[PDB]
Structure formats: structure tokens, C-alpha cells
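Those sequence lines, one after another, are chains H and L. Just so you know, the authors' numbering puts 143 at position 143 of the first sequence, and the rest follows in order with no gaps. Just so you know, the authors' numbering puts 115 at position 115 of the second sequence, and the rest follows in order with no gaps. One structure is given below, encoded as C-alpha cells.
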Amino acid sequence: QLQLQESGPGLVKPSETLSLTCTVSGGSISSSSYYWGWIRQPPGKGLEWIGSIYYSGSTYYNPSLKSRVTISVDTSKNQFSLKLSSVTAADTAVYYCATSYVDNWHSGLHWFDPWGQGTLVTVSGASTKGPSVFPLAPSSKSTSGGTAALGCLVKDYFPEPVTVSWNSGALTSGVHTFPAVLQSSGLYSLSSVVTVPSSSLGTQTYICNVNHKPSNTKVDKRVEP
Amino acid sequence: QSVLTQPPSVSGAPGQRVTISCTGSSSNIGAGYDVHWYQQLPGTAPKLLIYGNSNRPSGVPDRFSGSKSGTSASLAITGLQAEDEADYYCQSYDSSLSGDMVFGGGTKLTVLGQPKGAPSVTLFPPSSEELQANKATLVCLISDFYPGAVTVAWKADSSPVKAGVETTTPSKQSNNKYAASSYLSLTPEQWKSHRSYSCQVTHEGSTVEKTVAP
């Protein structure tokens, strides 16, 4: 029931510093025999440990990154933080925080559990672009009997990700949010589709909630017949 | 690159036993340090699968087991299930420098014998709102197909359109089938001047073609 949540910017310019924070709940960073860690995973690649910190400040870092890594802890807020300097495209990755129960670090017995959700950071000199959200009006042709597919096209945003919910999280059945395509322009597009009863298209209201955190853009798009 | 080494892919038949290896050196696994395993379902964070060479967390089926021997370790899965398709990572500790938590590069596990699934195809025309903004995008959404390979072609009326097409790689769904999206960019004038456009999906020698008109 220890839970970890990453936060921080999704876009960093090459040569600048990447900063992330992990907020812990359900257990204490301070006064605990735990090392609080950062791990990353470039898209489609493997896991890599970045470093870990004990609540009173002692750190261990990945030797391949140590010259660029600073991990810090704020026990009063039950948070710990990562700074990675002089970034390049090689540092584009999903960044996870996690924790390790540790009796003695150098016994080398410890593992990562639990893990945070991960947050994507893209290293790029391109500017942030918010999405254009267009409704995809319902069509019955491709779906099961008495149902229709409707959705939202989330076009031309950068960087990833966008989150899409339906009716502010109330509508979850039949929702399929597809992975984005990266266009030659360097901008992403994705679509989210929900299959709903045909009979109530005139009496229910369907709204896609698009959140693009990197541009601080939120769109709630009504999808009408 | 990673400090420990795993086969990029491993395959097994349903109900049979498969192993995923993890090799290191006398500075990590061979130095006496424990090996742990993480399971990563697509699009999800890794989760602990085995700790301390052979211990299972609660919530992990007893079909998973772990062992270590010399400079290597092995994840074993009995009674292989389709739901075991995932990426698997080993992890240990290396004492050659300052004390390093190190990973293998990951193994994608395929469960053989999955039946073929034909793609479900939903094709949306450009929205009136997009056309009013002087743009036009056709959206072809492809889901529930297996194996994970499709080709998508677009047609203006009956003629292939090669320009302005962006298509995702196939991505694994939670049900082990695959999804993909294809997008055709047009001007509003192109969209309105043709009698229709089509998205044609080819999969395992069969084709599904959906067509929309202004």
C-alpha cells in the first residue's frame, strides 16, 4: 500500500536539466529502512537504474550517469526528486520512481517494490504544441448489433502523452484509446473510440476529456450524432 | 545495452514449461548477489515477479519460479498461459565499482498457438469541424487482429493514394491481440471532389475494405 507518483515537465531541451519529483503516500520516506529510487526506460528499450537515496541524504548512483545525476529528498513533504543535467535525446525515457527495502545497501540483496506509474520525458528542441480535438461522430457500420462507435481525434500535439477519458471518467466500458502515430511533421496524433448503444444516441451525451499536460491544455469535446 | 544479458525473445507452447535466462559475471550474479525478476505488461509499469532468486510476491501465480546458478539465473514458467505474454526483466547488484543495481535487457515472451484473429476496422470521415478549419483527416482504426502484422492501403475512389498516410506499428492489446491506426491527410477540396475514400486492411491474405463518402 506504499504508493509512488511521478511528476514534472514532459519536455526538456538538449543540454538543459531534467527535473522530476516523486510523491510518496501510504508510507514514510523519513525514518524508514528504504532507499528511494529512480529508474528509466527509453521507448521500446530496457530498464536502467539511475540512483537511489536514503532519507537522511546518502545516495548511490549508476556509475554511467553519476556525473549528471543529483537525487534529493524532502522528508517534510514525503517527496524525493531527480535532476539529470546536460540531457540529450538518449535521455528521452519513461522515468519511474520506486523503492527498495534495504538493511545494508552493500549487501546487494534489495529489489524494487513498489513502483510508481512512470512519467514520460522527451528531450527535444521542438516547441510544445497543444492538440486539436475533433469529434468522430457515431457510426453503426462496424460494431455489434445495436451499438455504434464514436470517438475523438486528438491531432497534432507534442510531446507525448495525452490522456483521454470519457464523460469525466464515468464512461469506461467499451473505451479504446489507440497509441499515437508520430507524423513526419514531428507532431503526434491519436484517436479514442467508445462503442455505445445505438438506441440512446439521442438521449445520452458523450464527451471526450483530453488532457495534454505538457502544453497545459484541456479539451472536453462533445461528440454528437 | 545492459549489464546483465537476456534473450530478446522466448517462445513456448501453451501448458508447457519455458525458461528465461539471465547471465552476468563474477562481479554481480557470480559475486553472490541475488537476482530479482520484473514482469511488464504492455504500456504498464514493471511489477515485481520474483525476489531473492526464488521468492514469489503475493499475487504472483505459483507457475512462476526462479533459480540462480553461478553467473546466471533462470525464470521458469510452467503451464504456460496466454496471459503470461509480457516482457520480463532480471535485476541484480554489481560490486565491481561503487555498488550498482543492474538489469538484463528484457525478454519478450510469446505463447505459441494463438488462433488467428481478423481485424475489426472502423473508418471515420473528416469531421465538419475539421473541414471548417481547412483540414481533413480520415481515421482508420484497426483492432483485435492476430498475428500482429497488417498492411493498410488507402484509395481515392478506387485508385490507391500513397501520399499523406501515417500508420502506427501494431501494438499489443490487453487481450494479446493487436491494434493499429492509419491516418490519411487530405485537403477539404480533395475530400469533397471524390465520390469516396476507402481504407483497405490486409491481414493474413484476407482484406477488409471500409469506405466513406462526403
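We treat Cβ as the ideally placed atom computed from N, Cα and C, and that holds for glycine.
Partners in chain H for residue 47(L), counting only beta-carbon separations shorter than 9 Å | Start at 1 with the first residue of the second sequence, and residue 47(L) comes out as number 47. Neighbours of residue 47(L) in chain H, taken as residues whose beta carbon is under 9 Å from its own, are 113, 114 and 115 in chain order.
Just mark residue 17(L) as buried or exposed, buried being the case when its beta carbon has 16 or more other beta carbons within 10 Å.
-> Taking the second sequence and counting its residues from 1, one reaches residue 17(L) at position 17. Under this definition residue 17(L) is an exposed residue.
Among the residues of its own chain, which have a CB less than 6 Å from the CB of residue 110(L), if the five just before and after it don't count?
-> As a first step, residue 110(L) must be located in the second sequence, where it is residue number 110. Correct list, in chain order: 11.
Sort out for me which residues DSSP pairs residue 195(H) with in a bridge.
-> Sequence index remark: in the first sequence, residue 195(H) carries index 195 (1-based). Beta-bridge analysis with DSSP links residue 195(H) to 149(H).
Under the rule that 16 or more other beta-carbon atoms within 10 Å means buried, what is residue 161(H), buried or exposed?
-> The residue given as residue 161(H) occupies position 161 in the first sequence. With 16 or more Cβ atoms within 10 Å of its Cβ, residue 161(H) is classed as buried.
Does residue 160(H) come within less than 9 Å of chain L when only Cβ atoms are used?
-> For this step, residue 160(H) is matched to residue 160 along the first sequence. So, not an interface residue.
Measuring CB to CB, does residue 154(L) end up less than 9 Å from residue 147(L)?
-> Working through the second sequence from its first residue, we reach residue 154(L) at position 154. Working through the second sequence from its first residue, we reach residue 147(L) at position 147. Between residue 154(L) and residue 147(L), the C-beta gap is not smaller than 9 Å, which leaves the two residues out of contact.
Which stretch, first to last residue, makes up the alpha helix (DSSP H) that contains residue 108(L)?
-> For the purposes of this step, residue 108(L) is identified with residue 108 of the second sequence, where counting begins at 1. Counting along the chain, residue 108(L) falls outside any alpha helix (DSSP H), though it belongs to the beta strand (DSSP E) covering 107 to 111.
In terms of residue numbering, what span does the beta strand (DSSP E) encompassing residue 181(L) cover?
-> As a working mapping, residue 181(L) is identified with position 181 in the second sequence. Boundaries of the beta strand (DSSP E) around residue 181(L): 178 to 186.
Quick one: does residue 143(H) have its CB under 9 Å from some CB of chain L?
-> Taking the first sequence and counting its residues from 1, one reaches residue 143(H) at position 143. At least one chain L Cβ lies under 9 Å of residue 143(H).
Any residues in the segment 168 to 185 of chain H with a beta carbon nearer than 7 Å to a beta carbon of chain L? Which ones, in chain order?
-> Under the 7 Å Cβ criterion, the segment 168 to 185 of chain H contributes 176, 178, 179, 181 and 183.
Residue(s) in a DSSP beta bridge with residue 166(L) = Taking the first residue of the second sequence as 1, we reach residue 166(L) at position 166. Answer is 183(L), bridged to residue 166(L).
With DSSP run on the structure shown, which of helix, strand or coil describes residue 138(H)?
-> Position 138 of the first sequence holds residue 138(H). In the structure shown, residue 138(H) sits in a strand (DSSP, three-state: E or B).
How many Å lie between residue 134(H) and residue 157(H) at the Cα?
-> Taking the first residue of the first sequence as position 1, residue 134(H) is located at position 134. Taking the first residue of the first sequence as position 1, residue 157(H) is located at position 157. Take the alpha-carbon of residue 134(H) and the one of residue 157(H): they are about 13 Å apart.
Which chain L residues sit within Cβ distance under 7 Å of residue 212(H)?
-> Mapped onto the first sequence, residue 212(H) falls at position 212. Close to residue 212(H), with beta-carbon spacing below 7 Å, lies no residue of chain L; the smallest spacing is near 18 Å.
Which residue or residues does DSSP assign as beta-bridge partners of residue 103(L)?
-> In the second sequence, counting from the first residue as 1, residue 103(L) sits at position 103. According to DSSP, which records beta bridges pairwise, residue 103(L) is partnered with 91(L).
Interface residues of the segment 121 to 141 of chain L facing chain H [CB-CB below 7 Å] | Listed in sequence order: 121, 122, 124, 127, 129, 130, 137, 139 and 141.
Out of curiosity, what's the CA-to-CA distance linking residue 104(H) and residue 68(L)?
-> Sequence index remark: in the first sequence, residue 104(H) carries index 104 (1-based). Sequence index remark: in the second sequence, residue 68(L) carries index 68 (1-based). Pairing residue 104(H) with residue 68(L), the inter-Cα distance amounts to about 22 Å.
For residue 48(H), write down the residues that DSSP places opposite it in a beta bridge.
-> Position 48 of the first sequence, counted from the start, is the residue given in the question as residue 48(H). Paired residue(s): 40(H).
Check the Cβ-Cβ distances between residue 39(L) and every residue of chain H, and say whether any is below 9 Å.
-> Locating residue 39(L) in the second sequence gives position 39, where the first residue counts as 1. Chain H has no Cβ within less than 9 Å of the Cβ of residue 39(L).
Taking three-plus beta-carbon pairs below 8 Å as touching, is the segment 75 to 86 of chain H in contact with the segment 14 to 26 of chain H?
-> Counting Cβ pairs under 8 Å, three or more are found: they touch.
Minimum Cβ-Cβ distance from residue 36(H) to chain L less than 9 Å = Start at 1 with the first residue of the first sequence, and residue 36(H) comes out as number 36. Taking CB atoms only, residue 36(H) has no neighbour in chain L less than 9 Å away.
Measure how close the beta-carbons of residue 199(L) and residue 121(L) come, nearest whole angstrom, since I'm counting them as under 8 Å.
-> Taking the second sequence and counting its residues from 1, the one referred to as residue 199(L) is at position 199. Taking the second sequence and counting its residues from 1, the one referred to as residue 121(L) is at position 121. That pair is a contact at about 7 Å.
List the DSSP bridge partners of residue 209(H).
-> The residue labelled residue 209(H) in the question sits at position 209 within the first sequence. For residue 209(H), which the question treats as bridged, DSSP gives the partners 165(H) and 220(H).
Interface residues of chain H facing residue 179(L) [CB-CB closer than 8 Å] | The count along the second sequence starts at 1 and reaches residue 179(L) at position 179. Correct list: 176, 178 and 179.
Report all residues from its chain with a CB closer than 6 Å to the CB of residue 209(L); omit the five preceding and five following residues, and keep chain order.
-> Taking the second sequence and counting its residues from 1, one reaches residue 209(L) at position 209. These residues qualify, in order along the chain: 198 and 200.
If you measure from the beta carbon of residue 289(H) to each beta carbon in chain L, is any gap under 9 Å?
-> Residue 289(H) is absent from the model: chain H starts at 1 and stops at 225.
For residue 210(L), which three-state DSSP category applies?
-> As a working note, residue 210(L) is residue 210 in the second sequence. Of the three classes helix, strand and coil, the one that applies to residue 210(L) here is strand, per DSSP.
Could you give the distance in angstroms between the alpha-carbon of residue 26(H) and the alpha-carbon of residue 8(H)?
-> Here the question's residue 26(H) lines up with position 26 in the first sequence. Here the question's residue 8(H) lines up with position 8 in the first sequence. Rounded to whole angstroms, residue 26(H) to residue 8(H) spans 21 Å at the Cα level.
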